[PDB]
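**Q** PDB, C-alpha atoms and all ligand atoms, file protein13.pdb:
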ATOM      1  CA  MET J   2       0.000   0.000   0.000
ATOM      2  CA  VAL J   3       0.919   3.696  -0.357
ATOM      3  CA  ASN J   4       0.643   5.873   2.771
ATOM      4  CA  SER J   5       0.436   9.647   3.108
ATOM      5  CA  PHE J   6       3.709  10.069   5.088
ATOM      6  CA  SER J   7       5.095  13.417   4.040
ATOM      7  CA  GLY J   8       8.042  15.600   4.876
ATOM      8  CA  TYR J   9      10.384  12.787   5.901
ATOM      9  CA  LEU J  10      14.139  12.970   5.387
ATOM     10  CA  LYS J  11      15.613   9.815   3.865
ATOM     11  CA  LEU J  12      18.330   8.149   5.936
ATOM     12  CA  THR J  13      18.774   4.868   4.066
ATOM     13  CA  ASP J  14      16.947   2.702   1.554
ATOM     14  CA  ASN J  15      14.338   1.810   4.188
ATOM     15  CA  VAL J  16      14.622   4.333   7.058
ATOM     16  CA  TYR J  17      13.071   7.809   7.056
ATOM     17  CA  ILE J  18      12.950  10.448   9.798
ATOM     18  CA  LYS J  19      10.933  13.559  10.661
ATOM     19  CA  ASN J  20      10.777  16.088  13.508
ATOM     20  CA  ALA J  21       7.194  15.366  14.526
ATOM     21  CA  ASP J  22       4.991  14.117  17.332
ATOM     22  CA  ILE J  23       4.245  10.447  16.679
ATOM     23  CA  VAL J  24       0.662  11.022  17.878
ATOM     24  CA  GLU J  25       0.092  13.724  15.259
ATOM     25  CA  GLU J  26       1.717  11.617  12.541
ATOM     26  CA  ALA J  27      -0.471   8.667  13.464
ATOM     27  CA  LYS J  28      -3.622  10.810  13.543
ATOM     28  CA  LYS J  29      -2.867  12.207  10.091
ATOM     29  CA  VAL J  30      -1.540   9.085   8.313
ATOM     30  CA  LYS J  31      -3.514   6.352  10.102
ATOM     31  CA  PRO J  32      -0.729   3.838   9.367
ATOM     32  CA  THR J  33      -1.134   0.085   9.526
ATOM     33  CA  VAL J  34       1.325  -0.045  12.450
ATOM     34  CA  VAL J  35       2.375   2.515  15.026
ATOM     35  CA  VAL J  36       5.139   1.408  17.397
ATOM     36  CA  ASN J  37       4.997   2.142  21.107
ATOM     37  CA  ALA J  38       8.176   2.351  23.234
ATOM     38  CA  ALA J  39       6.743   0.243  26.040
ATOM     39  CA  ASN J  40       7.729  -1.212  29.381
ATOM     40  CA  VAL J  41       7.190  -4.905  30.129
ATOM     41  CA  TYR J  42       4.016  -4.174  32.127
ATOM     42  CA  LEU J  43       2.432  -2.085  29.359
ATOM     43  CA  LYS J  44       1.933   0.723  31.911
ATOM     44  CA  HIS J  45       1.773   3.653  29.489
ATOM     45  CA  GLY J  46       2.788   6.500  31.763
ATOM     46  CA  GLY J  47       4.807   9.040  29.800
ATOM     47  CA  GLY J  48       6.760   9.736  26.647
ATOM     48  CA  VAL J  49       5.479   7.998  23.535
ATOM     49  CA  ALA J  50       3.384   5.474  25.459
ATOM     50  CA  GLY J  51       1.625   7.999  27.649
ATOM     51  CA  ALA J  52       0.950  10.283  24.690
ATOM     52  CA  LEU J  53      -0.376   7.488  22.463
ATOM     53  CA  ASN J  54      -2.541   6.182  25.268
ATOM     54  CA  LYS J  55      -3.982   9.619  26.077
ATOM     55  CA  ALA J  56      -4.842  10.095  22.408
ATOM     56  CA  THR J  57      -6.849   6.829  22.548
ATOM     57  CA  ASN J  58      -8.791   8.170  25.553
ATOM     58  CA  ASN J  59      -7.222   5.391  27.660
ATOM     59  CA  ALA J  60      -8.488   2.559  25.422
ATOM     60  CA  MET J  61      -4.893   1.462  24.843
ATOM     61  CA  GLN J  62      -4.334   1.094  28.598
ATOM     62  CA  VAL J  63      -7.600  -0.794  29.155
ATOM     63  CA  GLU J  64      -6.679  -3.231  26.362
ATOM     64  CA  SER J  65      -3.125  -3.530  27.681
ATOM     65  CA  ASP J  66      -4.333  -4.374  31.180
ATOM     66  CA  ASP J  67      -6.332  -7.301  29.786
ATOM     67  CA  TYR J  68      -3.323  -8.404  27.713
ATOM     68  CA  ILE J  69      -1.122  -8.522  30.819
ATOM     69  CA  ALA J  70      -3.786 -10.228  32.933
ATOM     70  CA  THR J  71      -3.980 -12.995  30.312
ATOM     71  CA  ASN J  72      -0.357 -13.291  29.213
ATOM     72  CA  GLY J  73       1.883 -11.689  31.823
ATOM     73  CA  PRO J  74       4.690  -9.188  31.222
ATOM     74  CA  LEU J  75       6.533  -8.890  27.958
ATOM     75  CA  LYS J  76      10.224  -9.687  27.739
ATOM     76  CA  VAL J  77      12.778  -6.901  27.547
ATOM     77  CA  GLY J  78      13.457  -6.786  23.804
ATOM     78  CA  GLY J  79      10.042  -8.325  23.181
ATOM     79  CA  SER J  80       6.784  -7.103  21.736
ATOM     80  CA  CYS J  81       3.100  -7.713  21.227
ATOM     81  CA  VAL J  82       0.604  -6.578  18.586
ATOM     82  CA  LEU J  83      -2.514  -4.884  19.940
ATOM     83  CA  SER J  84      -5.070  -2.515  18.436
ATOM     84  CA  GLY J  85      -4.082   0.913  17.186
ATOM     85  CA  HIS J  86      -7.500   2.233  18.199
ATOM     86  CA  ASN J  87      -8.220   5.632  16.602
ATOM     87  CA  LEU J  88      -4.547   6.141  15.640
ATOM     88  CA  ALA J  89      -3.571   3.147  13.456
ATOM     89  CA  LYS J  90      -4.788  -0.329  12.581
ATOM     90  CA  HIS J  91      -2.342  -1.913  15.040
ATOM     91  CA  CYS J  92       0.032  -0.833  17.767
ATOM     92  CA  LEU J  93       3.237  -2.851  18.030
ATOM     93  CA  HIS J  94       4.300  -2.446  21.663
ATOM     94  CA  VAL J  95       8.082  -2.964  21.809
ATOM     95  CA  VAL J  96      10.181  -2.992  24.986
ATOM     96  CA  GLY J  97      13.643  -1.509  24.658
ATOM     97  CA  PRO J  98      16.114  -2.018  27.506
ATOM     98  CA  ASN J  99      15.837   0.299  30.484
ATOM     99  CA  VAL J 100      19.524   1.127  30.467
ATOM    100  CA  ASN J 101      19.045   3.498  33.409
ATOM    101  CA  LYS J 102      17.963   0.468  35.506
ATOM    102  CA  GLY J 103      20.816  -1.804  34.482
ATOM    103  CA  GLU J 104      19.262  -3.620  31.538
ATOM    104  CA  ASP J 105      21.649  -4.618  28.741
ATOM    105  CA  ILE J 106      21.810  -2.085  25.901
ATOM    106  CA  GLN J 107      22.449  -5.004  23.532
ATOM    107  CA  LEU J 108      18.732  -5.893  23.910
ATOM    108  CA  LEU J 109      17.938  -2.809  21.857
ATOM    109  CA  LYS J 110      18.872  -4.847  18.757
ATOM    110  CA  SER J 111      16.431  -7.594  19.792
ATOM    111  CA  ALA J 112      13.789  -4.906  20.301
ATOM    112  CA  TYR J 113      14.222  -3.475  16.803
ATOM    113  CA  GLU J 114      14.161  -6.963  15.255
ATOM    114  CA  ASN J 115      10.435  -7.031  16.034
ATOM    115  CA  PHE J 116       9.961  -4.332  13.385
ATOM    116  CA  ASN J 117      10.985  -6.809  10.661
ATOM    117  CA  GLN J 118       7.667  -8.639  11.112
ATOM    118  CA  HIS J 119       5.836  -5.626   9.607
ATOM    119  CA  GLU J 120       6.238  -4.177   6.116
ATOM    120  CA  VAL J 121       5.690  -0.528   7.132
ATOM    121  CA  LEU J 122       5.873   1.112  10.561
ATOM    122  CA  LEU J 123       5.592   4.555  12.119
ATOM    123  CA  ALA J 124       7.938   4.401  15.109
ATOM    124  CA  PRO J 125       9.888   6.251  17.791
ATOM    125  CA  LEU J 126      13.521   5.842  18.854
ATOM    126  CA  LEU J 127      13.321   3.011  21.368
ATOM    127  CA  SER J 128      15.067   3.451  24.731
ATOM    128  CA  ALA J 129      16.211   6.981  23.822
ATOM    129  CA  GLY J 130      13.987   8.799  26.327
ATOM    130  CA  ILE J 131      13.364   7.848  29.929
ATOM    131  CA  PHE J 132      15.136   4.489  29.413
ATOM    132  CA  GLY J 133      18.459   6.328  28.962
ATOM    133  CA  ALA J 134      20.071   4.876  25.838
ATOM    134  CA  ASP J 135      22.102   7.346  23.811
ATOM    135  CA  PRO J 136      19.697   8.542  21.076
ATOM    136  CA  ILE J 137      22.225   8.330  18.242
ATOM    137  CA  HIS J 138      22.968   4.769  19.324
ATOM    138  CA  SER J 139      19.274   3.873  19.133
ATOM    139  CA  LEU J 140      19.087   5.383  15.636
ATOM    140  CA  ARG J 141      22.177   3.448  14.497
ATOM    141  CA  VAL J 142      20.782   0.178  15.884
ATOM    142  CA  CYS J 143      17.501   0.871  14.078
ATOM    143  CA  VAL J 144      19.264   1.499  10.754
ATOM    144  CA  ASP J 145      21.475  -1.580  11.208
ATOM    145  CA  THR J 146      18.649  -3.906  12.290
ATOM    146  CA  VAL J 147      15.375  -2.953  10.617
ATOM    147  CA  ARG J 148      15.019  -4.040   6.988
ATOM    148  CA  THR J 149      11.343  -3.138   6.514
ATOM    149  CA  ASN J 150      10.160   0.427   5.900
ATOM    150  CA  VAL J 151      10.295   2.530   9.031
ATOM    151  CA  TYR J 152       9.194   6.161   9.416
ATOM    152  CA  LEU J 153      10.758   7.588  12.583
ATOM    153  CA  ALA J 154       9.006  10.454  14.376
ATOM    154  CA  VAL J 155      11.400  12.439  16.601
ATOM    155  CA  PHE J 156       9.446  14.829  18.856
ATOM    156  CA  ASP J 157      12.389  16.892  20.072
ATOM    157  CA  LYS J 158      13.668  19.503  17.591
ATOM    158  CA  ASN J 159      17.125  19.838  19.120
ATOM    159  CA  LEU J 160      17.549  16.076  19.082
ATOM    160  CA  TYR J 161      16.336  15.761  15.487
ATOM    161  CA  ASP J 162      18.763  18.426  14.287
ATOM    162  CA  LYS J 163      21.640  16.603  15.973
ATOM    163  CA  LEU J 164      20.650  13.139  14.707
ATOM    164  CA  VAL J 165      20.321  14.128  11.051
ATOM    165  CA  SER J 166      23.848  15.562  10.984
ATOM    166  CA  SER J 167      25.439  12.548  12.641
ATOM    167  CA  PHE J 168      27.029   9.606  10.818
ATOM    168  CA  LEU J 169      25.109   6.325  10.951
TER     169      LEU J 169
HETATM  170  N1  LIG W 201       5.018  12.122  21.342
HETATM  171  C1  LIG W 201       6.271  11.751  20.912
HETATM  172  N2  LIG W 201       6.494  11.615  19.602
HETATM  173  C2  LIG W 201       7.701  11.224  19.176
HETATM  174  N3  LIG W 201       8.779  10.983  19.918
HETATM  175  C3  LIG W 201       8.542  11.144  21.224
HETATM  176  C4  LIG W 201       7.329  11.510  21.801
HETATM  177  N4  LIG W 201       7.465  11.553  23.171
HETATM  178  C5  LIG W 201       8.716  11.205  23.406
HETATM  179  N5  LIG W 201       9.404  10.969  22.252
HETATM  180  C6  LIG W 201      10.795  10.550  22.071
HETATM  181  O1  LIG W 201      10.773   9.096  21.899
HETATM  182  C7  LIG W 201      11.991   8.577  22.362
HETATM  183  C8  LIG W 201      11.691   7.463  23.364
HETATM  184  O2  LIG W 201      11.326   8.050  24.605
HETATM  185  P1  LIG W 201      10.325   7.320  25.623
HETATM  186  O3  LIG W 201       8.922   7.435  25.140
HETATM  187  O4  LIG W 201      10.662   7.885  26.966
HETATM  188  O5  LIG W 201      10.717   5.772  25.473
HETATM  189  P2  LIG W 201      11.859   4.848  26.146
HETATM  190  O6  LIG W 201      11.914   3.627  25.301
HETATM  191  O7  LIG W 201      13.100   5.634  26.379
HETATM  192  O8  LIG W 201      11.252   4.525  27.578
HETATM  193  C9  LIG W 201      10.117   3.656  27.689
HETATM  194  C10 LIG W 201       9.247   4.188  28.785
HETATM  195  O9  LIG W 201       8.691   5.368  28.324
HETATM  196  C11 LIG W 201       7.298   5.432  28.734
HETATM  197  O10 LIG W 201       7.196   6.007  29.929
HETATM  198  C12 LIG W 201       6.941   3.916  28.689
HETATM  199  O11 LIG W 201       5.676   3.671  29.355
HETATM  200  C13 LIG W 201       8.053   3.226  29.131
HETATM  201  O12 LIG W 201       8.029   2.930  30.559
HETATM  202  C14 LIG W 201      12.822   9.754  22.941
HETATM  203  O13 LIG W 201      13.784  10.144  21.994
HETATM  204  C15 LIG W 201      11.725  10.823  23.142
HETATM  205  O14 LIG W 201      12.181  12.171  22.998
END
Could you write out this structure as structure tokens?
Ligand SMILES: Nc1ncnc2c1ncn2[C@@H]1O[C@H](COP(=O)(O)OP(=O)(O)OC[C@H]2O[C@H](O)[C@H](O)[C@@H]2O)[C@@H](O)[C@H]1O
**A**
Amino acid sequence: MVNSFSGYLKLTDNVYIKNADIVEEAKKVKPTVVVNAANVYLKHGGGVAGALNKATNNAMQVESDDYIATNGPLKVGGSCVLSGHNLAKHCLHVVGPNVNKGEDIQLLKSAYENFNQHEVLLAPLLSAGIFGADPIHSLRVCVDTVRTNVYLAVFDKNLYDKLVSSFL
């Protein structure tokens, strides 16, 4: 399919990037898959997760609570596919390592591997916020791991400007 993603800078054959709020991109484009930067409990408190969930009027959290009650916590580096509610067809919840709490940064590669199960994704930079991974490292792992088409939404202008003039 062809989506209405617009204004993205090309990084590689398959990776694109834009200084944008992932919630606003999802609202506008209504992609097949939006990625959430989750924790293992799917407790969507802040950052991407909290913003996505708020935009679903808490439906994402209600669904997530049932998912956890049935299946238990995700693995660090793991994922699950749930509804995208009013934002997207699906939300791929992906858990990057919480480097600030001692989790192995190498699991960020495992996290991004989940993206390869989907042809097209709108996504954030996993682990680059409250989880404490260096943002340029997360971008490099994404580029070096994801082979499917990924549209990265970077909320923070200063960060975007730095990332797009860094080597990959
Ligand atoms: N609306 C947004 N749109 C795009 N990028 C955003 C947005 N908000 C933040 N970012 C950027 O997205 C990147 C990721 O920041 P984070 O969302 O913290 O994800 P993590 O993987 O580090 O932490 C996961 C925890 O965050 C939640 O609390 C979860 O519930 C988890 O507990 C950073 O570069 C942000 O600037």
**Q** Find the residue from J:140, J:134, J:35, J:165 that sits nearest to residue 83 (chain J); use only C-alpha atoms when measuring.
**A**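 Comparing J:140, J:134, J:35, J:165 against residue 83 (chain J), the winner is J:35.
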**Q** Can you tell me which residues come within 7 Å of ligand LIG 201 (chain W) when counting only C-alpha atoms and all ligand atoms, ideally as number ranges by chain?
**A** J: 21-24, 38-40, 43-52, 96-97, 99, 125-133, 136, 154-157
**Q** Those selected residues, please, written with C-alpha atoms and delivered as a PDB file, keeping the file's coordinate frame.
**A**
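selection22.pdb was written with the following content:
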ATOM      1  CA  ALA J  21       7.194  15.366  14.526  1.00  0.00           C
ATOM      2  CA  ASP J  22       4.991  14.117  17.332  1.00  0.00           C
ATOM      3  CA  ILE J  23       4.245  10.447  16.679  1.00  0.00           C
ATOM      4  CA  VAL J  24       0.662  11.022  17.878  1.00  0.00           C
ATOM      5  CA  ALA J  38       8.176   2.351  23.234  1.00  0.00           C
ATOM      6  CA  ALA J  39       6.743   0.243  26.040  1.00  0.00           C
ATOM      7  CA  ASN J  40       7.729  -1.212  29.381  1.00  0.00           C
ATOM      8  CA  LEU J  43       2.432  -2.085  29.359  1.00  0.00           C
ATOM      9  CA  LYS J  44       1.933   0.723  31.911  1.00  0.00           C
ATOM     10  CA  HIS J  45       1.773   3.653  29.489  1.00  0.00           C
ATOM     11  CA  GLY J  46       2.788   6.500  31.763  1.00  0.00           C
ATOM     12  CA  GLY J  47       4.807   9.040  29.800  1.00  0.00           C
ATOM     13  CA  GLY J  48       6.760   9.736  26.647  1.00  0.00           C
ATOM     14  CA  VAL J  49       5.479   7.998  23.535  1.00  0.00           C
ATOM     15  CA  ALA J  50       3.384   5.474  25.459  1.00  0.00           C
ATOM     16  CA  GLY J  51       1.625   7.999  27.649  1.00  0.00           C
ATOM     17  CA  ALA J  52       0.950  10.283  24.690  1.00  0.00           C
ATOM     18  CA  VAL J  96      10.181  -2.992  24.986  1.00  0.00           C
ATOM     19  CA  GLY J  97      13.643  -1.509  24.658  1.00  0.00           C
ATOM     20  CA  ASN J  99      15.837   0.299  30.484  1.00  0.00           C
ATOM     21  CA  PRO J 125       9.888   6.251  17.791  1.00  0.00           C
ATOM     22  CA  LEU J 126      13.521   5.842  18.854  1.00  0.00           C
ATOM     23  CA  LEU J 127      13.321   3.011  21.368  1.00  0.00           C
ATOM     24  CA  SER J 128      15.067   3.451  24.731  1.00  0.00           C
ATOM     25  CA  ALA J 129      16.211   6.981  23.822  1.00  0.00           C
ATOM     26  CA  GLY J 130      13.987   8.799  26.327  1.00  0.00           C
ATOM     27  CA  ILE J 131      13.364   7.848  29.929  1.00  0.00           C
ATOM     28  CA  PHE J 132      15.136   4.489  29.413  1.00  0.00           C
ATOM     29  CA  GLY J 133      18.459   6.328  28.962  1.00  0.00           C
ATOM     30  CA  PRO J 136      19.697   8.542  21.076  1.00  0.00           C
ATOM     31  CA  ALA J 154       9.006  10.454  14.376  1.00  0.00           C
ATOM     32  CA  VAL J 155      11.400  12.439  16.601  1.00  0.00           C
ATOM     33  CA  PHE J 156       9.446  14.829  18.856  1.00  0.00           C
ATOM     34  CA  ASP J 157      12.389  16.892  20.072  1.00  0.00           C
TER      35      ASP J 157
END
**Q** Please determine, counting only C-alpha atoms, which residue among J:160, J:144, J:100, J:95 has the shortest atom-to-atom distance to residue 12 (chain J).
**A** J:144
**Q** Rounded to one decimal, what separation in Å do you get between CA of residue 73 (chain J) and CA of residue 124 (chain J)?
**A**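 That distance, rounded to one decimal, is 24.0 Å.
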**Q** For this structure, which residues satisfy the selection - the PyMOL selection byres (((chain J and resi 113) around 10) and not hetatm) - when it is evaluated on the file as given? I want them as a ChimeraX atom specification.
**A** /J:78-80,95-97,108-112,114-117,126-127,139,142-148
**Q** Please evaluate the PyMOL selection byres (((chain J and resi 151) around 7) and not hetatm) against the displayed coordinates and give the resulting residues as a PDB file with C-alpha atoms, keeping the file's coordinate frame.
**A**
ATOM      1  CA  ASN J  15      14.338   1.810   4.188  1.00  0.00           C
ATOM      2  CA  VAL J  16      14.622   4.333   7.058  1.00  0.00           C
ATOM      3  CA  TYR J  17      13.071   7.809   7.056  1.00  0.00           C
ATOM      4  CA  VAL J 121       5.690  -0.528   7.132  1.00  0.00           C
ATOM      5  CA  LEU J 122       5.873   1.112  10.561  1.00  0.00           C
ATOM      6  CA  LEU J 123       5.592   4.555  12.119  1.00  0.00           C
ATOM      7  CA  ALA J 124       7.938   4.401  15.109  1.00  0.00           C
ATOM      8  CA  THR J 149      11.343  -3.138   6.514  1.00  0.00           C
ATOM      9  CA  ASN J 150      10.160   0.427   5.900  1.00  0.00           C
ATOM     10  CA  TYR J 152       9.194   6.161   9.416  1.00  0.00           C
ATOM     11  CA  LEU J 153      10.758   7.588  12.583  1.00  0.00           C
TER      12      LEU J 153
END
**Q** For CA of residue 28 (chain J) and CA of residue 94 (chain J), quote the distance in Å rounded to one decimal.
**A**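 Pair CA of residue 28 (chain J) / CA of residue 94 (chain J) returns 17.4 Å.
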**Q** Between CA of residue 58 (chain J) and CA of residue 70 (chain J), what is the distance, to one decimal in Å?
**A**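 That distance, rounded to one decimal, is 20.4 Å.
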**Q** Please define a box with edges along x, y and z of the file around all atoms of region 109-126 of chain J given in the file, extend it by 5 Å on each side, and return its centre and edge lengths in Å to one decimal, as JSON.
**A**
{"center_x": 12.2, "center_y": -1.2, "center_z": 14.0, "size_x": 23.3, "size_y": 24.9, "size_z": 25.7}
**Q** Could you check the closest approach to residue 98 (chain J) for each of J:119, J:86, J:76, J:29 and tell me which residue wins, using all atoms listed in the file?
**A**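 Using all atoms listed in the file, residue 98 (chain J) sits closest to J:76.
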**Q** Between J:75, J:68, J:42, J:89, single out the one closest to residue 27 (chain J), counting all atoms listed in the file.
**A** J:89
**Q** Given the choices J:2, J:41, J:36, J:18, which gets closest to residue 74 (chain J) if the distance is worked out from only C-alpha atoms?
**A**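 The answer is J:41, which sits nearest to residue 74 (chain J).
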**Q** Here's the selection I'm unsure about, the PyMOL selection byres (((chain J and resi 82) around 6) and not hetatm); applied to the file above, which residues does it give, as a PyMOL selection string?
**A** chain J and resi 81+83+92-93
**Q** Taking C-alpha atoms for each residue, export the selection above as an mmCIF file, in the frame of the given file.
**A**
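See result_8.cif below for the written result:
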data_model
loop_
_atom_site.group_PDB
_atom_site.id
_atom_site.type_symbol
_atom_site.label_atom_id
_atom_site.label_comp_id
_atom_site.auth_asym_id
_atom_site.auth_seq_id
_atom_site.Cartn_x
_atom_site.Cartn_y
_atom_site.Cartn_z
ATOM 1 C CA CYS J 81 3.100 -7.713 21.227
ATOM 2 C CA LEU J 83 -2.514 -4.884 19.940
ATOM 3 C CA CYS J 92 0.032 -0.833 17.767
ATOM 4 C CA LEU J 93 3.237 -2.851 18.030
#
**Q** Using all atoms listed in the file, which of the listed residues (J:101, J:72, J:20, J:37) sits closest to residue 162 (chain J)?
**A**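 Closest to residue 162 (chain J) of all the choices is J:20.
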